[PDB]
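Here the structure comes first, spelled out in structure tokens, and everything after it is commentary.
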Amino acid sequence: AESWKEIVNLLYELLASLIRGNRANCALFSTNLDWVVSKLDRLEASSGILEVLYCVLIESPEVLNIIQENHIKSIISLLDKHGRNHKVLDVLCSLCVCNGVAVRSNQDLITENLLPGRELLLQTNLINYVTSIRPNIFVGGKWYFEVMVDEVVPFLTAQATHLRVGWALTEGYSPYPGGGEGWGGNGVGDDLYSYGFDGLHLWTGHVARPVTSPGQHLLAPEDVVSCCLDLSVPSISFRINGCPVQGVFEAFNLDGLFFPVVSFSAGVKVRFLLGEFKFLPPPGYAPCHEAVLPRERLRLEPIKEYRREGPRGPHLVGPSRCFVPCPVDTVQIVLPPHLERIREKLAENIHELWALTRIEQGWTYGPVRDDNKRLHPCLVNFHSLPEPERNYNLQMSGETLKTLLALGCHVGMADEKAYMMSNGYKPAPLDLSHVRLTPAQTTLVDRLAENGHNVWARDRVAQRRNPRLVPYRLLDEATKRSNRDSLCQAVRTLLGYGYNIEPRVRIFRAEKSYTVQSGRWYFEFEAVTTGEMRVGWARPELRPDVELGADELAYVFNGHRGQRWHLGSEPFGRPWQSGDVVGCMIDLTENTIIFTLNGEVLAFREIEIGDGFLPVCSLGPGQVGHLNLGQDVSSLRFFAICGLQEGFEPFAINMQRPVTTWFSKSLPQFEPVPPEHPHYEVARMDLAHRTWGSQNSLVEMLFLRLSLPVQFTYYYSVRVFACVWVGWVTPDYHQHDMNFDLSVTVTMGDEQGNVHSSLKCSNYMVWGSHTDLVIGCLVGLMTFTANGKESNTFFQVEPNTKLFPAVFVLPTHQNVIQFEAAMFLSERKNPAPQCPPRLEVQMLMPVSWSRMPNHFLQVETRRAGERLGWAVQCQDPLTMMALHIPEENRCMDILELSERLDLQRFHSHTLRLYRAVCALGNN
Amino acid sequence: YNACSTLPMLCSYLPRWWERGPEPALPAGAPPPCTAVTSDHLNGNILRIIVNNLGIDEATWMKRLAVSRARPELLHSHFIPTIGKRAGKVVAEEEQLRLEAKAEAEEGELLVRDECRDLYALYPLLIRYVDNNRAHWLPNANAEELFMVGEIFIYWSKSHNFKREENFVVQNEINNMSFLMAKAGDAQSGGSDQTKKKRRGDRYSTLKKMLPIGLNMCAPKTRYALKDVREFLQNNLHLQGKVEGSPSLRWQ
Amino acid sequence: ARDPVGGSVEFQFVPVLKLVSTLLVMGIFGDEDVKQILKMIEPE
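Protein chains in written order, with the numbering used here: chain A, -7 to 915; chain B, 869 to 1120; chain C, 20 to 63.
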């Protein structure tokens, strides 16, 4: 019987083969329409049945006349059973139209069964480009900031103008304008919190909870909208020009630093009265303009940024990187008394050295520590006046060398211990006069100065709002040029003492269209940062999800160190100074490749033609780059050399258009598991269920995301038999590793806090040699069933939303997981109930993975800025031309389908479909 | 000289520079030990001394205007490689023109080979030692800016290379290698295509395309001009020999 | 120039000239614009 499914399918194919070339067969099958439809419901070898039906339709109008208003619905239902199969659509367009004439009715039934149903066929629309703005500083006390609304142009273009405003954090919100999420950018993340438009209220998951404003209005060039956030507790509450928007957000993870955000669209401007305050309501707050503590000056940023607006063109850019309250030991390990005497010697030497510095200002010893002039106890021998009037040295400098045993150093004995006529007290220190420190020991001095400043910082909360409160990890290297280098002067006596001192990555790619397998081709990579910038030709098929380097398909050259990589390093070259453009040349027909530093010839000689190579950038997480291809004007230092000569022409000579490209996106959108994953086996089978297993020894975690959202009775089930976080998933989600649980509530207040109830939940769920089963009921609110037995359910949300059922398993190597009052495997499909279980082609298994290449977008934003006011502005909106997968909604420009073309095929058949649906003039 | 790696002490080196104005070559061979010490001087002001060193190259060039101790001079050309200026390149163009007149004289020795050329073969090895110093001359960024006379000077360097295509003597030159380049020159051949009108050739894919028609001339350099800017057909005549040199590249 | 303007240049043309053609058929155009086409193609 294992040969039997092949056999049956083979028979359909036979029959089909009898049908494709004749009318009469179909004529005989006109009675079999009900039969054929009876058989299409089968879910194992349906394709042959499909070809059958297809051909039958091709060759039998009468059968089109005959088919019942429900067998057709059985076919649409088939399509829903099978997910995205283009063939079925060819079947449909075949249904639509006869030899020339058409049955308009069945077609209109197709539409009512499709077009209202929305969800089965893919569907599309468009937005306008969205652009978030942030102040430069991330927050990790209470804070407060002001956002005046200078301008709004609500209805320009078809879209209502975007201008959401709210808090956010760097992992669950990475706004790439080119689509993602159901039709937008701000307000979409579980990690982001937001505000705007009519009735004020908020957006999380891009859910429009409509908490009514005290009164009211939208966003127009008037309101001084303003925000605050209490430390620890996320009690965000927006305020409309001095009027708070009731009770709002509560209880959220503080996973990474919070920062303010202002998204916008269209021709809009907004001003920050910060450095100029207006409205500062009490919540324990401190103002944000005062938040300019580290090296960076306060400023607006557009967040993430994968295309900075550079001179000669948009630079490729990002992510750079990003944690402070914690004193970390300066007086831990004991100082042995043989060295402690030389601790007090070098301290008295540097205290007398303290006397050889401040006296240059005219200060003099004697006696009260007056703030005026010429009066300190410190200008003398350190022993003379206890340990508070000489806290500048041995009270603390002796403790500072206790830190030298505590901050990660193992010191030993090695050498013999060791004119202004200034007012007050006059010793000139020696041997501090010939100092020669080992250079890493100054970094060790940075650990010492920081670790010590940290303890003061811990009482700094009891204070004006000092810029010093932050650790030297983030400060000017000027105050650090003082407090750290002054600690080195105590260490300068140690040279006279002579004592010993022993001690997300990014990627980019060209259009597959442009994969030339022939012709001569130079290409640019204009430089910016000189780090791990690495770039080179690569065949399209390689995962951008894989990091570049060790891959067969991607010959490349580094932006630093200068060895070239392929299948790991293959050294031959040298690095470059920043702003030194890195060009490269490729023979075609001939296999050779030659990287050049601005025309400096040296690469991947002797290889093979294949898919057709494309240029590929790959930034490190801190690094920043740039690229331009084609334009004969792009022949500076580099193409002007061998490029003009050898005939190696750049891409855009061929075309009017700028090259299309794809940035990698650290967000792991789910994808269906390919056969040959490094390995995650899966097996569909009849009590219907499926089996699993890691098989090969292999690394962490399985975010097992089943594709299908729950609609708004039915149990759903997943046994496990080998610590694992069961809890049904939220569709928009993402992040990687551990996650127990690093994922949410909202008061529906009336300002009073009495609240019209308060809700928000499951934005998923988490859990911790008895097997593990899960039979959770639904339809409504969530009802968990941990370990088969009931154990309550903290979750409850039914605003008519669709959402995932899934689990984040950690593998037990062999046989990772099992999988499966009335069974769910039916209601998920349109033909609810039909109670018996029916596993099937669309029973998807798309695990979330990682990095994927979304499109660069040729044009998007035209923002302009300002300071001593920060009146940021931008001009004309342009559309996010787009479609979306109706399930797990996510806007995507249609052109994105050009390269994951299977969906292009599906779409194209949708269009054929409609085209058949017109019935030649049906209105 | 490897050991190289008081303002008045530098004045003694100015007097050592004066010793060079006088320049018998055996006494001068030991100066290459002194010239290598000048590399330590390069660590700026010493670039003016390197301009003086450019006149030193023009002095060794006078030898080139007309045996194994010349190999020791090629070891001094090795000291040149540590030194590896554009008006001195015009003097190098006079050195290459001296090499042109002399390599064309080596070609006259090859006419004797028709019925002997063995004494030319020692010159062929000595001409190879000249070519060592051309690697030091290869700087080529300045030639990119020329794309004219620098290229026409390289055209003079190029005409000589046609005689390398002409045979058994070159095997004796291989024996010099047994006892022991030109594609970078081809940069200059492309200067014939010209500035922004060279970009227009890519629209055609401007003179390089007519030069590509000239590759067919060499399949058969008076004949390149016969088809007909006759100076551009003379640039095709450089290409005519270069394509028959490309037939020599079939050996490679 | 091989831009391609869409679907390898030529495939881009089809649908548009189709639109033009039919739209021309329906009585929209010219006047003018069809004259623009005829000047576009002869030229004369």
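We put the beta carbon where it would ideally sit given N, CA and C, even for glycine.
Check, Outcome
"If you draw a straight line from the C-alpha of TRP195/A to the C-alpha of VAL180/A, how long is it?", "7 Å"
"Taking the C-alpha atoms as reference points, what is the distance between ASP321/A and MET388/A?", "13 Å"
"Closer than 7 Å between beta carbons: that is the criterion. Which residues of the region 637 to 669 of chain A meet it against chain C?", "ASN646, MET647, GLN648, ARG649"
"Specify, as a first and last residue, the run of the alpha helix (DSSP H) that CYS827/A falls within.", "First-last for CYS827/A: undefined, no H or E at that position."
"Could you tell me the boundaries of the beta strand (DSSP E) in which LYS657/A lies?", "653 to 657"
"Pick from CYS883/A, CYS480/A, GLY745/A: whose alpha carbon is nearest that of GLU242/A?", "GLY745/A"
"Per DSSP, what kind of secondary structure is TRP885/B in: helix, strand or coil?", "helix"
"By Cβ distance below 8 Å, which residues in the same chain neighbour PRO169/A in space, the five residues on each side in sequence not counted?", "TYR121, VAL122, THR123, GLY177, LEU849, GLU852, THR853, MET872"
"Consider the Cβ of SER626/A: report whether some Cβ of chain C lies at a distance smaller than 9 Å.", "no"
"By DSSP's criteria, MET835/A is part of a beta bridge. Which residues make up the other side?", "Note: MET835/A sits in no beta bridge, so no partner."
"Under the three-state reduction of DSSP, which class applies to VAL801/A: helix, strand or coil?", "strand"
"Using a cut-off of 9 Å between C-beta atoms, extract the partners of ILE633/A located in chain B.", "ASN1008, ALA1009, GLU1012, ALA1055"
"Measure the Cβ-Cβ separation of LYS931/B and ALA893/B and say whether it is below 9 Å.", "yes"
"Please tell me whether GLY191/A and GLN208/A are closer than 9 Å, where the distance is taken between their beta carbons.", "yes"
"Can you tell me the Cβ-Cβ gap for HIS307/A and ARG300/A, rounded? I've got them flagged as a contact below 8 Å.", "4 Å"
"Quick one, are the C-beta atoms of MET740/A and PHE786/A less than 9 Å apart?", "no"
"Within the same chain, show all residues whose beta-carbon is closer than 7 Å to that of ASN1044/B, passing over the 5 residues directly before and after it, in chain order.", "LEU993, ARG996"
"For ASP22/C, return the contacting residues in chain A, with the cut-off set at a CB-CB distance below 8 Å.", "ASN646, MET647, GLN648, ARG649"
"By the DSSP assignment, the alpha helix (DSSP H) with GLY1069/B in it spans what residues?", "1064 to 1072"
"Considering only DSSP beta bridges, list what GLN115/A is partnered with.", "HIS876/A"
"Check the DSSP bridge columns for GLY404/A and list the partner residues they point to.", "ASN492/A"
"From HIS330/A to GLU381/A, what distance separates their C-alpha atoms?", "26 Å"
"Quick one: using the 10 Å Cβ neighbour count with 16 as the cut-off for buried, is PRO890/B buried or exposed?", "exposed"
"Can you say whether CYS715/A is buried or exposed, counting buried as having 16 or more other CB atoms within 10 angstroms of its CB?", "exposed"
"Are the region 794 to 806 of chain A and the region 704 to 721 of chain A touching by the rule of at least three beta carbon pairs closer than 8 Å?", "yes"
"Let me know the secondary structure DSSP gives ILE917/B once reduced to three states.", "helix"
"Check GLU391/A in the structure and name its three-state DSSP category.", "helix"
"If you measure between the beta carbons of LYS409/A and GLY488/A, is that distance less than 9 Å?", "yes"
"With distance defined between alpha-carbon atoms, name the residue in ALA680/A, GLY358/A, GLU379/A, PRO328/A nearest to residue 997/A.", "Coverage of chain A is limited to positions -7 through 915, which leaves residue 997/A absent and any answer about it impossible."
"Quick one: is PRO883/B buried, meaning 16 or more other Cβ sit within 10 Å of its Cβ, or exposed?", "exposed"
"Taking only three categories from DSSP, how would you classify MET1045/B?", "helix"
"Would you say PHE1047/B faces chain A, with C-beta separation under 9 Å as the test?", "no"
"So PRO532/A and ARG553/A are supposed to be a Cβ contact under 8 Å. How far apart are they, rounded?", "Their Cβ separation, rounded to whole angstroms, is 27 Å, which puts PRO532/A and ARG553/A out of contact at 8 Å."
"Using 8 Å for Cβ pairs, my map puts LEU10/A next to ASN1/A. What's the rounded Cβ distance?", "Not really, about 15 Å apart at Cβ, beyond 8 Å."
"May I have the straight-line CA-CA distance separating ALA960/B from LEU910/B, to the nearest angstrom?", "22 Å"
"Over the uninterrupted beta strand (DSSP E) stretch that includes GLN865/A, give me the two end residues.", "864 to 866"
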